[PDB]
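Engineer: File entry-v4.cif follows (mmCIF, C-alpha atoms and all ligand atoms):
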data_protein
#
loop_
_atom_site.label_atom_id
_atom_site.label_comp_id
_atom_site.auth_asym_id
_atom_site.auth_seq_id
_atom_site.Cartn_x
_atom_site.Cartn_y
_atom_site.Cartn_z
CA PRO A 1 7.52 -14.25 -0.50
CA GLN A 2 3.89 -13.83 -1.34
CA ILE A 3 1.72 -12.24 1.37
CA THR A 4 -1.98 -11.65 1.69
CA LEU A 5 -3.40 -8.38 3.14
CA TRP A 6 -5.55 -9.56 6.00
CA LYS A 7 -2.92 -8.02 8.29
CA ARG A 8 -0.57 -5.08 7.68
CA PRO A 9 2.34 -6.04 5.37
CA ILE A 10 5.09 -5.41 7.94
CA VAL A 11 8.69 -6.56 7.19
CA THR A 12 12.00 -6.41 8.97
CA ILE A 13 14.56 -3.84 7.81
CA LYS A 14 18.21 -3.24 8.65
CA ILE A 15 19.67 0.21 8.02
CA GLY A 16 22.75 1.81 9.38
CA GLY A 17 23.30 -1.33 11.63
CA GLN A 18 19.88 -0.77 13.27
CA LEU A 19 16.96 -3.20 13.03
CA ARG A 20 13.40 -1.94 12.61
CA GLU A 21 10.06 -2.94 11.15
CA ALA A 22 8.32 -1.13 8.31
CA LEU A 23 5.09 -1.33 6.35
CA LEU A 24 5.27 -2.25 2.61
CA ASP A 25 3.19 0.69 1.30
CA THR A 26 2.13 0.66 -2.38
CA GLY A 27 0.45 4.06 -1.70
CA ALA A 28 3.71 5.70 -0.82
CA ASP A 29 5.99 7.02 -3.58
CA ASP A 30 8.93 7.29 -1.14
CA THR A 31 10.29 5.45 1.94
CA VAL A 32 9.87 7.29 5.29
CA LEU A 33 11.36 6.17 8.65
CA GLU A 34 10.95 7.87 12.02
CA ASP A 35 12.84 5.86 14.60
CA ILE A 36 16.35 5.90 12.93
CA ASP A 37 19.32 8.35 12.94
CA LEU A 38 21.39 8.24 9.67
CA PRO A 39 24.85 9.81 9.27
CA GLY A 40 26.10 12.23 6.65
CA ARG A 41 24.65 15.04 4.55
CA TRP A 42 20.92 15.39 3.80
CA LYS A 43 18.47 17.79 2.07
CA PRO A 44 15.37 19.33 3.82
CA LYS A 45 12.10 18.11 2.16
CA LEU A 46 8.32 18.49 2.89
CA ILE A 47 6.09 15.50 2.25
CA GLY A 48 2.28 15.50 2.08
CA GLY A 49 -0.03 12.76 3.40
CA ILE A 50 -3.58 12.61 4.88
CA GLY A 51 -3.95 15.47 7.42
CA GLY A 52 -1.18 17.73 6.02
CA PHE A 53 2.62 17.86 5.75
CA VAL A 54 5.82 16.96 7.60
CA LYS A 55 9.43 18.27 7.29
CA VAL A 56 11.76 15.33 6.40
CA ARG A 57 15.52 14.86 5.98
CA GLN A 58 16.25 13.27 2.61
CA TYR A 59 19.28 10.87 2.69
CA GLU A 60 20.48 9.52 -0.69
CA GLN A 61 22.23 6.19 -1.58
CA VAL A 62 21.44 4.65 1.78
CA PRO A 63 22.16 0.98 2.02
CA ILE A 64 19.09 -0.82 3.43
CA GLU A 65 18.12 -4.50 3.82
CA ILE A 66 14.40 -5.15 3.34
CA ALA A 67 13.11 -8.66 4.17
CA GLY A 68 16.61 -9.93 3.45
CA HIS A 69 17.25 -8.01 0.16
CA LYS A 70 20.04 -5.51 0.10
CA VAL A 71 19.14 -2.38 -1.92
CA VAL A 72 20.50 1.23 -1.96
CA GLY A 73 18.29 4.23 -2.39
CA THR A 74 16.69 7.27 -0.92
CA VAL A 75 15.38 7.20 2.64
CA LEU A 76 13.42 10.06 4.17
CA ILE A 77 13.73 10.57 7.93
CA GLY A 78 10.94 12.41 9.78
CA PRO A 79 7.70 12.07 11.77
CA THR A 80 5.47 9.23 10.55
CA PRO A 81 3.06 7.21 12.64
CA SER A 82 4.52 4.10 10.87
CA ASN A 83 7.82 3.38 9.19
CA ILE A 84 6.93 2.89 5.48
CA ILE A 85 8.76 1.32 2.55
CA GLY A 86 7.59 3.08 -0.60
CA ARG A 87 7.64 2.18 -4.29
CA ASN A 88 11.16 3.75 -4.64
CA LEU A 89 12.54 0.70 -2.81
CA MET A 90 9.83 -1.89 -3.54
CA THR A 91 10.68 -1.61 -7.32
CA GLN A 92 14.26 -2.75 -6.40
CA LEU A 93 12.69 -5.95 -4.87
CA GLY A 94 10.73 -6.58 -8.12
CA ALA A 95 7.55 -6.40 -5.94
CA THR A 96 4.16 -6.87 -7.66
CA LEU A 97 0.54 -6.52 -6.61
CA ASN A 98 -1.61 -9.44 -7.72
CA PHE A 99 -5.37 -9.80 -7.87
CA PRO B 1 -3.89 -8.71 -13.07
CA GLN B 2 -0.33 -8.54 -11.87
CA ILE B 3 1.21 -5.05 -11.73
CA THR B 4 4.67 -3.76 -11.03
CA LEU B 5 5.28 -0.61 -8.91
CA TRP B 6 7.30 1.63 -11.21
CA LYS B 7 4.17 3.84 -11.44
CA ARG B 8 1.41 4.39 -8.88
CA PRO B 9 -0.99 1.38 -8.77
CA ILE B 10 -4.06 3.30 -9.88
CA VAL B 11 -7.30 1.43 -10.82
CA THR B 12 -10.76 2.36 -12.00
CA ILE B 13 -13.63 2.18 -9.50
CA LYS B 14 -17.37 2.49 -9.83
CA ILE B 15 -19.40 3.44 -6.78
CA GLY B 16 -22.81 4.87 -6.49
CA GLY B 17 -23.02 5.04 -10.39
CA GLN B 18 -19.95 7.32 -10.43
CA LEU B 19 -16.60 6.45 -12.04
CA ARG B 20 -13.37 7.43 -10.36
CA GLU B 21 -9.75 6.34 -10.07
CA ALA B 22 -8.09 5.21 -6.85
CA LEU B 23 -4.70 4.09 -5.61
CA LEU B 24 -4.31 0.43 -4.43
CA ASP B 25 -2.70 1.23 -1.04
CA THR B 26 -1.26 -1.67 1.03
CA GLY B 27 -0.34 0.95 3.69
CA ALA B 28 -3.93 1.89 4.24
CA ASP B 29 -6.10 -0.20 6.58
CA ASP B 30 -9.26 1.46 5.19
CA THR B 31 -10.63 2.87 1.90
CA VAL B 32 -10.91 6.68 1.67
CA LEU B 33 -12.49 8.63 -1.23
CA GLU B 34 -12.84 12.38 -1.55
CA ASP B 35 -14.50 13.22 -4.84
CA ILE B 36 -17.82 11.30 -4.36
CA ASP B 37 -21.03 11.86 -2.38
CA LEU B 38 -22.78 8.66 -1.11
CA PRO B 39 -26.43 8.31 -0.03
CA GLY B 40 -27.85 7.24 3.35
CA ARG B 41 -26.76 7.25 7.01
CA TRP B 42 -23.11 7.44 8.13
CA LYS B 43 -20.95 7.72 11.25
CA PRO B 44 -18.33 10.50 11.94
CA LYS B 45 -14.77 9.07 12.13
CA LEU B 46 -11.27 10.68 12.48
CA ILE B 47 -8.44 9.04 10.55
CA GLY B 48 -4.71 9.59 11.09
CA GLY B 49 -2.05 9.82 8.36
CA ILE B 50 1.50 11.00 7.94
CA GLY B 51 0.52 14.69 8.34
CA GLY B 52 -2.17 14.66 11.06
CA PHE B 53 -5.90 13.82 11.19
CA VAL B 54 -9.03 14.30 9.06
CA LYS B 55 -12.77 13.99 9.83
CA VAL B 56 -14.41 11.34 7.58
CA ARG B 57 -17.92 9.97 7.04
CA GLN B 58 -17.98 6.18 7.41
CA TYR B 59 -20.49 4.50 5.04
CA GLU B 60 -21.04 0.75 5.59
CA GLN B 61 -22.03 -2.03 3.10
CA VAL B 62 -21.29 0.19 0.09
CA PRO B 63 -21.36 -1.62 -3.22
CA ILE B 64 -18.14 -0.81 -5.13
CA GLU B 65 -16.51 -2.18 -8.30
CA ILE B 66 -12.71 -2.18 -8.20
CA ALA B 67 -10.87 -3.02 -11.49
CA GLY B 68 -14.00 -4.92 -12.49
CA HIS B 69 -14.62 -6.88 -9.22
CA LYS B 70 -17.83 -6.20 -7.39
CA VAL B 71 -17.30 -6.07 -3.60
CA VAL B 72 -19.34 -4.55 -0.71
CA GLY B 73 -17.67 -2.95 2.24
CA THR B 74 -16.90 0.15 4.24
CA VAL B 75 -15.98 3.36 2.42
CA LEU B 76 -14.78 6.45 4.20
CA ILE B 77 -15.54 9.82 2.60
CA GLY B 78 -13.38 12.83 3.45
CA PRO B 79 -10.38 14.96 2.41
CA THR B 80 -7.53 12.93 0.94
CA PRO B 81 -5.04 14.13 -1.61
CA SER B 82 -5.68 10.77 -3.45
CA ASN B 83 -8.57 8.33 -3.47
CA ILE B 84 -7.21 5.15 -1.81
CA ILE B 85 -8.39 1.54 -1.76
CA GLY B 86 -7.21 0.04 1.53
CA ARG B 87 -6.74 -3.52 2.77
CA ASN B 88 -10.42 -3.71 3.87
CA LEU B 89 -11.37 -3.98 0.18
CA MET B 90 -8.15 -5.44 -1.32
CA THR B 91 -8.65 -8.59 0.87
CA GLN B 92 -12.02 -9.08 -0.99
CA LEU B 93 -10.03 -9.15 -4.31
CA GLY B 94 -7.67 -11.82 -2.89
CA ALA B 95 -4.83 -9.28 -3.55
CA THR B 96 -1.23 -10.31 -2.69
CA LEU B 97 2.13 -8.56 -2.57
CA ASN B 98 4.89 -10.63 -4.18
CA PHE B 99 8.63 -10.20 -4.05
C1 LIG C 101 -1.86 9.01 -0.74
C2 LIG C 101 -1.39 9.02 0.71
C3 LIG C 101 -2.49 8.56 1.63
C4 LIG C 101 -0.12 8.21 0.84
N1 LIG C 101 0.34 7.81 2.19
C5 LIG C 101 0.60 6.37 2.36
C6 LIG C 101 -0.52 5.58 3.02
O1 LIG C 101 -0.32 4.20 2.78
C7 LIG C 101 -0.60 5.81 4.54
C8 LIG C 101 0.63 5.28 5.30
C9 LIG C 101 0.49 5.45 6.78
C10 LIG C 101 0.61 4.36 7.62
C11 LIG C 101 0.44 4.50 8.99
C12 LIG C 101 0.12 5.72 9.52
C13 LIG C 101 -0.04 6.80 8.70
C14 LIG C 101 0.13 6.68 7.33
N2 LIG C 101 -1.83 5.21 5.06
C15 LIG C 101 -2.77 6.00 5.59
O2 LIG C 101 -2.82 7.22 5.54
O3 LIG C 101 -3.74 5.19 6.10
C16 LIG C 101 -4.91 5.81 6.60
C17 LIG C 101 -5.88 6.16 5.52
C18 LIG C 101 -6.99 5.16 5.70
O4 LIG C 101 -6.39 4.05 6.29
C19 LIG C 101 -5.62 4.70 7.32
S1 LIG C 101 1.39 8.78 3.00
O5 LIG C 101 1.72 8.04 4.18
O6 LIG C 101 0.75 10.03 3.16
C20 LIG C 101 2.87 9.06 2.09
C21 LIG C 101 2.91 10.05 1.13
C22 LIG C 101 4.07 10.27 0.42
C23 LIG C 101 5.21 9.50 0.65
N3 LIG C 101 6.37 9.73 -0.05
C24 LIG C 101 5.16 8.52 1.63
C25 LIG C 101 3.99 8.29 2.34
#
Turn the structure described in the file into structure tokens.

Structural biologist:
Amino acid sequence: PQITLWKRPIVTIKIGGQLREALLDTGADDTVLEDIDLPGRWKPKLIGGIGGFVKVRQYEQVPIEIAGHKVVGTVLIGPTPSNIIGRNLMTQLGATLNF
Amino acid sequence: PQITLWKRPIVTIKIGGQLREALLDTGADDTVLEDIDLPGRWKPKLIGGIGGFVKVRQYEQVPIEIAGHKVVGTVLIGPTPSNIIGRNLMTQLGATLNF
């Protein structure tokens, strides 16, 4: 698809058999989800945004479906006011910004 | 232009006779710049990001050039680890996300 930016670029995701929504976020290097429990081993990691920093669980080689496209990559789990898909996964969709 | 997302989508801006760089940020509703002082009246505003909240100055009807395109709109000034161009201004470029 091609979408305009008059509203937030929210898409449907499926991860670990759970369905959620997430914001396509060209400002975010990495994907961050709050409302999802993932199984298996993880690494503690601190991410920085506007206002300060949050402790996140880093999960690697996570299968995730984004707007219908199966990819596998790194998903961070921790507090975020919005689930965000970052460039780590948007590059696997071949996503582009156009203006 | 069309850009891919293997690197951060950074563009050159000109605002108030000052040249800066900023991130094209589909995850950001509003534009936020740190490293620039703007003239005239403003309104206090609090914005929320991943890591809490910051106090910003809201400046309205600010002339700004983004990757060569003159627009006028609202610019928030306050602490941000990266200057960000949000959807408020990217909609004036006719920007789209494609995948
Ligand atoms: C340069 C920063 C700002 C990058 N952030 C992404 C931005 O899109 C961020 C995403 C977000 C959406 C909803 C609520 C809160 C935050 N929008 C944001 O703060 O919107 C504010 C600023 C004005 O408009 C509102 S991040 O979330 O800190 C981040 C950082 C690192 C990683 N790996 C992942 C995410």

Engineer: Per residue of chain A within 12 Å of ligand LIG 101 (chain C), what are the shortest atom pair and its distance in Å to one decimal, counting all atoms listed in the file, with rows by chain and residue number, as CSV?

Structural biologist:
residue,atom,partner,partner_atom,distance
A:8,CA,C:LIG101,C10,9.5
A:9,CA,C:LIG101,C10,10.8
A:10,CA,C:LIG101,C10,10.8
A:22,CA,C:LIG101,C10,9.5
A:23,CA,C:LIG101,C10,7.4
A:24,CA,C:LIG101,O1,8.5
A:25,CA,C:LIG101,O1,5.2
A:26,CA,C:LIG101,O1,6.7
A:27,CA,C:LIG101,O1,4.5
A:28,CA,C:LIG101,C24,4.0
A:29,CA,C:LIG101,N3,4.5
A:30,CA,C:LIG101,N3,3.7
A:31,CA,C:LIG101,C24,6.0
A:32,CA,C:LIG101,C24,6.1
A:33,CA,C:LIG101,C24,9.7
A:34,CA,C:LIG101,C12,11.3
A:45,CA,C:LIG101,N3,10.4
A:46,CA,C:LIG101,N3,9.4
A:47,CA,C:LIG101,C22,5.9
A:48,CA,C:LIG101,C21,5.6
A:49,CA,C:LIG101,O6,2.8
A:50,CA,C:LIG101,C3,5.3
A:51,CA,C:LIG101,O6,8.4
A:52,CA,C:LIG101,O6,8.4
A:53,CA,C:LIG101,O6,8.5
A:54,CA,C:LIG101,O6,9.7
A:55,CA,C:LIG101,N3,11.7
A:56,CA,C:LIG101,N3,10.1
A:58,CA,C:LIG101,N3,10.8
A:74,CA,C:LIG101,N3,10.6
A:75,CA,C:LIG101,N3,9.7
A:76,CA,C:LIG101,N3,8.2
A:77,CA,C:LIG101,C24,10.8
A:78,CA,C:LIG101,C24,10.7
A:79,CA,C:LIG101,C13,9.9
A:80,CA,C:LIG101,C13,6.3
A:81,CA,C:LIG101,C12,4.5
A:82,CA,C:LIG101,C11,4.5
A:83,CA,C:LIG101,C10,7.4
A:84,CA,C:LIG101,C8,6.7
A:85,CA,C:LIG101,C24,8.1
A:86,CA,C:LIG101,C24,6.4
A:87,CA,C:LIG101,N3,8.8
A:88,CA,C:LIG101,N3,8.9
A:89,CA,C:LIG101,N3,11.3

Engineer: To one decimal place, how far is atom CA of residue A:65 from atom CA of residue B:2 in Å?

Structural biologist: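 Interatomic distance, atom CA of residue A:65 to atom CA of residue B:2: 24.6 Å.
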
Engineer: Listed atoms of stretch 66-76 of chain B, axis-aligned box, 4 Å per side: centre and edge lengths to one decimal in Å, as JSON?

Structural biologist:
{"center_x": -15.1, "center_y": -0.2, "center_z": -4.1, "size_x": 16.5, "size_y": 21.3, "size_z": 24.7}

Engineer: Between B:4, B:96, B:62, B:21, which residue has the minimum interatomic distance to residue B:41, considering only C-alpha atoms?

Structural biologist: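 Counting only C-alpha atoms, the residue closest to residue B:41 is B:62.
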
Engineer: At a cut-off of 12 Å from (-19.5, 12.5, -7.6) in the coordinates of the file, what residues are picked up using all atoms listed in the file, written as an mmCIF file with C-alpha atoms, in the coordinates of the input?

Structural biologist:
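What landed in part_36.cif:
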data_model
loop_
_atom_site.group_PDB
_atom_site.id
_atom_site.type_symbol
_atom_site.label_atom_id
_atom_site.label_comp_id
_atom_site.auth_asym_id
_atom_site.auth_seq_id
_atom_site.Cartn_x
_atom_site.Cartn_y
_atom_site.Cartn_z
ATOM 1 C CA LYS B 14 -17.370 2.490 -9.830
ATOM 2 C CA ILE B 15 -19.400 3.440 -6.780
ATOM 3 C CA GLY B 16 -22.810 4.870 -6.490
ATOM 4 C CA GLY B 17 -23.020 5.040 -10.390
ATOM 5 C CA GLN B 18 -19.950 7.320 -10.430
ATOM 6 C CA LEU B 19 -16.600 6.450 -12.040
ATOM 7 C CA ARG B 20 -13.370 7.430 -10.360
ATOM 8 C CA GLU B 21 -9.750 6.340 -10.070
ATOM 9 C CA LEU B 33 -12.490 8.630 -1.230
ATOM 10 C CA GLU B 34 -12.840 12.380 -1.550
ATOM 11 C CA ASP B 35 -14.500 13.220 -4.840
ATOM 12 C CA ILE B 36 -17.820 11.300 -4.360
ATOM 13 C CA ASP B 37 -21.030 11.860 -2.380
ATOM 14 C CA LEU B 38 -22.780 8.660 -1.110
ATOM 15 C CA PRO B 39 -26.430 8.310 -0.030
ATOM 16 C CA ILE B 77 -15.540 9.820 2.600
#

Engineer: Just want the 10 Å neighbourhood of residue A:92, counted on only C-alpha atoms, with same-chain residues fewer than 3 positions away dropped. Output as a list in words.

Structural biologist: residues 69, 70, 71, 72, 73, 87, 88, 89 and 95 of chain A; 5, 6 and 99 of chain B

Engineer: Given the selection you just returned, output its residues as a file containing C-alpha atoms, formatted as a compact mmCIF listing (two decimals), in the coordinates of the input.

Structural biologist:
# COMPACT_ATOMS: atom_id res chain seq x y z
CA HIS A 69 17.25 -8.01 0.16
CA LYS A 70 20.04 -5.51 0.10
CA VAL A 71 19.14 -2.38 -1.92
CA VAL A 72 20.50 1.23 -1.96
CA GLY A 73 18.29 4.23 -2.39
CA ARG A 87 7.64 2.18 -4.29
CA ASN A 88 11.16 3.75 -4.64
CA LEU A 89 12.54 0.70 -2.81
CA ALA A 95 7.55 -6.40 -5.94
CA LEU B 5 5.28 -0.61 -8.91
CA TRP B 6 7.30 1.63 -11.21
CA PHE B 99 8.63 -10.20 -4.05

Engineer: Given the point (14.8, -8.6, 5.8) in the coordinates of this file, which residues lie within 6 Å, counting all atoms listed in the file, and how would they look as a PDB file with C-alpha atoms, in the frame of the given file?

Structural biologist:
ATOM      1  CA  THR A  12      12.000  -6.410   8.970  1.00  0.00           C
ATOM      2  CA  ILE A  13      14.560  -3.840   7.810  1.00  0.00           C
ATOM      3  CA  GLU A  65      18.120  -4.500   3.820  1.00  0.00           C
ATOM      4  CA  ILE A  66      14.400  -5.150   3.340  1.00  0.00           C
ATOM      5  CA  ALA A  67      13.110  -8.660   4.170  1.00  0.00           C
ATOM      6  CA  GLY A  68      16.610  -9.930   3.450  1.00  0.00           C
TER       7      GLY A  68
END

Engineer: Counting all atoms listed in the file, figure out which residue out of A:40, A:61, A:11, A:3 gets nearest to chain B.

Structural biologist: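 Looking at the shortest contact to chain B, the residue is A:3.
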
Engineer: Suppose you want the space between atom CA of residue A:94 and atom CA of residue A:44; what is it in Å?

Structural biologist: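 Answer for the atom CA of residue A:94 to atom CA of residue A:44 separation: 28.9 Å.
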
Engineer: Expressed in Å to a single decimal, how great is the separation between atom CA of residue B:93 and atom CA of residue B:7?

Structural biologist: 20.5 Å

Engineer: Please determine, counting all atoms listed in the file, which residue among B:1, B:43, B:64, B:57 has the shortest atom-to-atom distance to chain A.

Structural biologist: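 When distances to chain A are compared using all atoms listed in the file, the smallest one comes from B:1.
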